[PDB]
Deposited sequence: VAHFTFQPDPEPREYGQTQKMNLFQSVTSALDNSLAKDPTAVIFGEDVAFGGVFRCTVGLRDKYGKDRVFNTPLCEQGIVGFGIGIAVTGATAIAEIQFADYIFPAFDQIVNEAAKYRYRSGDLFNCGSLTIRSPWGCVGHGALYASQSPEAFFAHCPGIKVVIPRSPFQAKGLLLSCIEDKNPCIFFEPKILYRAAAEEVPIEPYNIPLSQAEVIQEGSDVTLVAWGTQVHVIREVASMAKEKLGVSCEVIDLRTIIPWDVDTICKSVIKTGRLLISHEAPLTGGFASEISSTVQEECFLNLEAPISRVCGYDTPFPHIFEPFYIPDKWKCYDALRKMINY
């Protein structure tokens, strides 16, 4: 285990996959137009995210499509164009690339290019994301940076069951095509109290989960759990006070919150599973450098996956674990 996991009315203990089902359930219940589709969602999905939904809402609302990702997204854009709510599932984030053209050239630019005569705002694409210990090259990817360079779409990644359900309900209700990445490693690990009725968590808002004064640590998805522990290590072994932030929304991202934090701490460490070169940490880093130049006491640190494909047997040495983040933090604290 490379990580350790840790108001709205009645709640219920739910792991991440269950909180997704709860969100999809609330959506279909309150939106007669909403439909859910993709490869294998009818019997409940290969990660159980759609269990029971077809029996409860009907086969015309929860159905299997032929095995073709570019088709699934194009089909979804079509449904959204008529104003109906379309929640498409891509089985693994690793297999979203065949639909890249429909996402970047079509969905993201649909409203702009038409002068707002047409749009596919009611479209949401959810997909399992991140490493799982043994997924190798095509069952471990974190493609958020490929999409960060695309004006027109939103990319959102939760760190837990409570966060997932609220962020997904906002994605589904947002008036812009959204991509929701679900850390598959948490589907069955992460379990916590989750309101059974609908609630929302806003998009483009980072969350400071722990206040600090010496350094700012930023991550998203499962990686937020890693830096939380790194913060604890820093305190216990270095007397260092860490401010831990969950980015939550990749784009448009919460620039203000991060800057305000770095203006106070003066030090920043950004961490993510995806490869370093071109990863989203670059965007965050160069931006902070431009807004907080005078407050920065040391070079901004990026602890990421190496610039190689995601390996099978070498996973343990590839990921930017707590020891790797800790060491970089250490060196940065000593700059």
query = Where along the deposited sequence are residues missing from the model?
reply = 1, 8 to 13
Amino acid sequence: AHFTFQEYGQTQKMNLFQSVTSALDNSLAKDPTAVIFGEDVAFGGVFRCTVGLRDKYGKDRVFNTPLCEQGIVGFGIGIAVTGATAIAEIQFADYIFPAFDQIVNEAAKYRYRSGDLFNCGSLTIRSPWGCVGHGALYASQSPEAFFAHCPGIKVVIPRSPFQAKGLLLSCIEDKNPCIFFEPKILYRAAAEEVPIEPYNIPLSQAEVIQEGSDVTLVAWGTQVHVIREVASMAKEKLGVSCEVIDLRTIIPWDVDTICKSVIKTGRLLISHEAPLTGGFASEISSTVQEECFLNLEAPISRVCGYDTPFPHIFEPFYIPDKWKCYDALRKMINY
From here on, numbers count along this sequence of modelled residues.
request  = Decide which of the stretches 292 to 300 and 270 to 278 has the higher mean C-alpha B-factor, going by the entry.
outcome  = 292 to 300
query = Per the entry, where is the mean C-alpha temperature factor higher: 258 to 266 or 176 to 184?
reply = 258 to 266
ask   = Among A86, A231, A136, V104, which residue carries the highest C-alpha B-factor recorded in the PDB entry?
value = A231
key: Ranked against its chain, the third holding the CA B-factor of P32   = highest
task = Ordered by C-alpha B-factor within the chain, which third holds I319? Give me lowest, middle or highest, please.
result = middle
request  = Taking the chain's C-alpha temperature factors as the reference, tell me which third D94 falls into: lowest, middle or highest.
outcome  = middle
request  = Tell me, lowest, middle or highest third: where does the Cα B factor of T21 rank within its chain?
outcome  = lowest
ask   = If you rank the chain by CA B-factor, which third does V240 end up in: lowest, middle or highest?
value = highest
